[PDB]
């Protein structure tokens, strides 16, 4: 069952140009309002030698404010959940892939993910930890038989205001037959802050019709 306040427990295994790491933490949010707040900690391989922002979109479209009349692929996937796979191509040739499975236990969501990045330039802003925040984005969601494809142009804001461009493509897969939505868009705003050694993330996400 899906509560007005839902918790999550997170575990990620990942590596970026040969540096292995693990991250764990907890989240809370209102899935019907598309709001969530996360508290994450690097549990292995810390401190990270790269900007945390390249990981942050890996850390659940159940937290999306959907219109009443638009079929909600992600909330329909419950209680079993859904999984997704994503490619991330940066304008400087760096590439990353990520996967996650969203499931339930007695306490709330279980979010298990992996991340693999390569060819981030040694003297570039990611490896020099110059990232600040992603721009708010507009992700196009396209139904294809029983799954969803998402495409979104992402722009990492660096210190000083320059943006680093990346293209994100995602395949979302429910574990069962659900009612498919039309092509639509999800507007995202992901914001990163810190509390000591804790990485904090806040996402707000709203689905909208085209036209």
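Residue numbers count along the first chain shown, from 1.
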Absent coordinates between residue 59 and residue 60 - deposited residues affected, binned into four classes: 1 to 3
Give the stretch, out of 102 to 110 and 130 to 138, with the larger mean C-alpha temperature factor in the deposited entry. 102 to 110
State which stretch shows the higher mean Cα B factor in the entry: 2 to 10 or 200 to 208. 2 to 10
Please say which third, lowest, middle or highest, residue 34 falls into when its CA temperature factor is compared across its chain. middle
Lowest, middle or highest third: which one holds residue 68 when the chain's residues are ordered by CA B-factor from the entry? highest
State the tercile, meaning the lowest, middle or highest third, of residue 161 with respect to the CA B-factors recorded for its chain. highest
Using the B-factor values recorded in the entry, state whether the Cα atom of residue 79 falls in the lowest, middle or highest third among the modelled residues of its chain. highest
Sort the modelled residues of this chain by their C-alpha B factor and say whether residue 55 lands in the lowest, middle or highest third. lowest
